[PDB]
Structure formats: C-alpha cells, structure tokens
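Asker: The structure under discussion is supplied below as structure tokens; questions concerning it will follow.
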Amino acid sequence: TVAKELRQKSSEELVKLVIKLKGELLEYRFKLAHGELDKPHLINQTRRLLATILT
RNA sequence: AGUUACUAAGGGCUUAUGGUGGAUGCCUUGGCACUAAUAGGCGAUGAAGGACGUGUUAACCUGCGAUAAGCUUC
Ligand SMILES: [Mg+2]
Ligand SMILES: [Mg+2]
C-alpha cells in the first residue's frame with residue numbers, strides 16, 4: 001500500500017523525504033527526552049516509514 | 001502410742017489438638033528409547049559461537065541489527 005505510493009515517486013524526491021523524516025525523528029526523540037511528546041507513536045511510524053523508504 | 005491421704009518443683013503412660021517437615025498418592029508446555037520418511041552441512045558474497053545495541057515497555061528472557069520488537073513482494 002504505502003510502498004506503491006513511494007514507487008510512483010522519483011528518486012530525488014525520495015532522498016528529500018528521507019532527510020526530512022530523519023530530522024523529524026531527531027526532534028521527536030528530543031521532545032520525548034524533555035517530556036513534551038503527547039503522541040509517542042509517531043517515533044515508531046517515522047522509523048517504519050524511514051525503513052520502507054530505504055527499502 | 002499404732003495404721004493413716006491429700007504435695008507434683010518436675011517427670012512417665014494413654015488419647016486428642018496445634019506447630020516445624022515434605023514422605024506417600026494424583027498430575028505435568030519436561031526427559032529417555034525407538035519406528036516410518038526427509039536430509040546429511042555452514043563459510044572470504046564473511047561461517048559456528050559471542051560482545052554491543054534496538055521499546056511509547058524497570059530489569060531479565062525472546063526477536064531483531066543503525067532499515068535494529070522489524071522492511072518489500074507473491
Ligand atoms: Mg507446672
Ligand atoms: Mg505429663
């Protein structure tokens with residue numbers, strides 16, 4: 001399902017996606033370390049989407 | 001003058017009860033010995049075995065490997 005959407009995308013757009021999700025993942029981990037993450041599941045979703053884009 | 005019971009500090013016997021203890025009985029996500037087939041290897045495209053790390057999840061165990069409690073396809 002998600003893999004189909006990324007397959008339609010080109011390569012350059014994918015590397016933009018991976019860097020943006022990397023940045024967001026760092027922010028989520030920092031906010032969690034400050035006790036300011038209301039939604040604690042976005043860390044897992046970011047990592048899975050990151051792993052899928054890598055695949 | 002004569003023959004005399006009561007005493008139980010404590011102990012003994014019988015029976016009943018309580019406590020420590022896990023023997024006997026029943027059972028088992030565990031072992032043992034084989035039968036009928038399959039198969040008889042893995043590794044420089046990095047092995048067997050380990051260390052470390054990975055959670056929204058204290059530690060331990062299991063899974064996994066910076067794509068880290070999972071990724072794609074049929
Ligand atoms: Mg007495
Ligand atoms: Mg007595």
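Letters A, B, ... mark the chains of the structure tokens in the order given; residue numbers begin at 1 per chain; ligand numbers begin at 1, in order shown.
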Taking only C-alpha atoms (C1' of nucleotides) into account and nothing else, which residues of chain A lie no more than 7 Å away from chain B? Please answer as a PDB file with N, CA, C and O atoms, in the first residue's frame.

Answerer:
```
ATOM      1  N   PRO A  40       3.307   9.522  21.395  1.00  0.00           N
ATOM      2  CA  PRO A  40       4.557   8.756  21.436  1.00  0.00           C
ATOM      3  C   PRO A  40       4.673   7.688  20.359  1.00  0.00           C
ATOM      4  O   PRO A  40       5.699   7.001  20.307  1.00  0.00           O
ATOM      5  N   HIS A  41       3.661   7.538  19.508  1.00  0.00           N
ATOM      6  CA  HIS A  41       3.684   6.536  18.453  1.00  0.00           C
ATOM      7  C   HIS A  41       4.314   7.042  17.166  1.00  0.00           C
ATOM      8  O   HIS A  41       4.725   6.226  16.333  1.00  0.00           O
ATOM      9  N   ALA A  51      12.299   3.189   7.230  1.00  0.00           N
ATOM     10  CA  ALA A  51      12.783   1.885   6.791  1.00  0.00           C
ATOM     11  C   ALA A  51      12.194   1.500   5.442  1.00  0.00           C
ATOM     12  O   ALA A  51      12.892   0.940   4.588  1.00  0.00           O
ATOM     13  N   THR A  52      10.906   1.782   5.233  1.00  0.00           N
ATOM     14  CA  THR A  52      10.279   1.478   3.951  1.00  0.00           C
ATOM     15  C   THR A  52      10.916   2.276   2.819  1.00  0.00           C
ATOM     16  O   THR A  52      11.241   1.723   1.764  1.00  0.00           O
ATOM     17  N   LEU A  54      13.881   3.423   2.702  1.00  0.00           N
ATOM     18  CA  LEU A  54      15.194   2.831   2.467  1.00  0.00           C
ATOM     19  C   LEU A  54      15.091   1.575   1.611  1.00  0.00           C
ATOM     20  O   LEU A  54      15.940   1.336   0.745  1.00  0.00           O
ATOM     21  N   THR A  55      14.061   0.757   1.843  1.00  0.00           N
ATOM     22  CA  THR A  55      13.885  -0.453   1.045  1.00  0.00           C
ATOM     23  C   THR A  55      13.658  -0.126  -0.426  1.00  0.00           C
ATOM     24  O   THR A  55      14.306  -0.703  -1.306  1.00  0.00           O
TER      25      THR A  55
END
```

Asker: Please check which protein, DNA or RNA residues sit within 9 Å of ligand 1, counting only C-alpha atoms (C1' of nucleotides) and all ligand atoms, and write them as a list in words.

Answerer: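 Counting only what the definition allows, namely only C-alpha atoms (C1' of nucleotides) and all ligand atoms, the set is residues 8, 9 and 10 of chain B.
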
Asker: Convert the current residue selection to file output with N, CA and C atoms (P, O5', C5', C4', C3', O3' and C1' of nucleotides), as a PDB file, in the first residue's frame.

Answerer:
```pdb
ATOM      1  P     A B   8      -0.451 -30.900  93.657  1.00  0.00           P
ATOM      2  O5'   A B   8       0.937 -30.966  92.882  1.00  0.00           O
ATOM      3  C5'   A B   8       1.930 -29.966  93.070  1.00  0.00           C
ATOM      4  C4'   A B   8       3.222 -30.338  92.390  1.00  0.00           C
ATOM      5  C3'   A B   8       3.105 -30.602  90.891  1.00  0.00           C
ATOM      6  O3'   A B   8       4.277 -30.132  90.232  1.00  0.00           O
ATOM      7  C1'   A B   8       3.910 -32.549  91.983  1.00  0.00           C
ATOM      8  P     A B   9       4.273 -28.689  89.526  1.00  0.00           P
ATOM      9  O5'   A B   9       5.740 -28.135  89.792  1.00  0.00           O
ATOM     10  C5'   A B   9       5.956 -26.964  90.564  1.00  0.00           C
ATOM     11  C4'   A B   9       7.420 -26.786  90.865  1.00  0.00           C
ATOM     12  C3'   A B   9       8.367 -27.186  89.744  1.00  0.00           C
ATOM     13  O3'   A B   9       8.536 -26.158  88.782  1.00  0.00           O
ATOM     14  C1'   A B   9       9.080 -28.180  91.764  1.00  0.00           C
ATOM     15  P     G B  10       7.970 -26.346  87.289  1.00  0.00           P
ATOM     16  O5'   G B  10       8.882 -27.497  86.679  1.00  0.00           O
ATOM     17  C5'   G B  10       8.312 -28.628  86.041  1.00  0.00           C
ATOM     18  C4'   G B  10       9.191 -29.841  86.206  1.00  0.00           C
ATOM     19  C3'   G B  10       8.813 -31.064  85.389  1.00  0.00           C
ATOM     20  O3'   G B  10       9.227 -30.994  84.035  1.00  0.00           O
ATOM     21  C1'   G B  10       9.203 -31.723  87.605  1.00  0.00           C
TER      22        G B  10
END
```

Asker: What are the nearest atom pairs, with distances in Å to one decimal, for all residues of chain B that come at most 9 Å from ligand 2, using only C-alpha atoms (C1' of nucleotides) and all ligand atoms, set out by chain and rising residue number as a Markdown table?

Answerer:
```
| residue | atom | partner | partner_atom_place_in_ligand_line | distance |
| --- | --- | --- | --- | --- |
| B:11 | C1' | ligand 2 | 1 (Mg) | 7.1 |
| B:12 | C1' | ligand 2 | 1 (Mg) | 7.1 |
| B:13 | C1' | ligand 2 | 1 (Mg) | 8.8 |
```

Asker: So that I can see what lies close to region 26-35 of chain A, please list as a list in words the residues with an atom at most 12 Å from it, counting only C-alpha atoms (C1' of nucleotides) and leaving out residues fewer than 4 positions away in the same chain.

Answerer: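 That gives residues 19, 20, 21, 22, 39, 40, 41, 42, 43, 44, 45, 46 and 47 of chain A; 56 of chain B.
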
Asker: Report, in Å to a single decimal, how far apart CA of residue 50 (chain A) and CA of residue 4 (chain A) are.

Answerer: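 CA of residue 4 (chain A) sits 14.8 Å away from CA of residue 50 (chain A).
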
Asker: Please provide the set of residues having any atom within 12 Å of residue 6 (chain A), restricted to only C-alpha atoms (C1' of nucleotides), with same-chain residues fewer than 4 positions apart removed, written as a ChimeraX atom specification.

Answerer: /A:1-2,10-15,17-18,49-50,52-55 /B:72
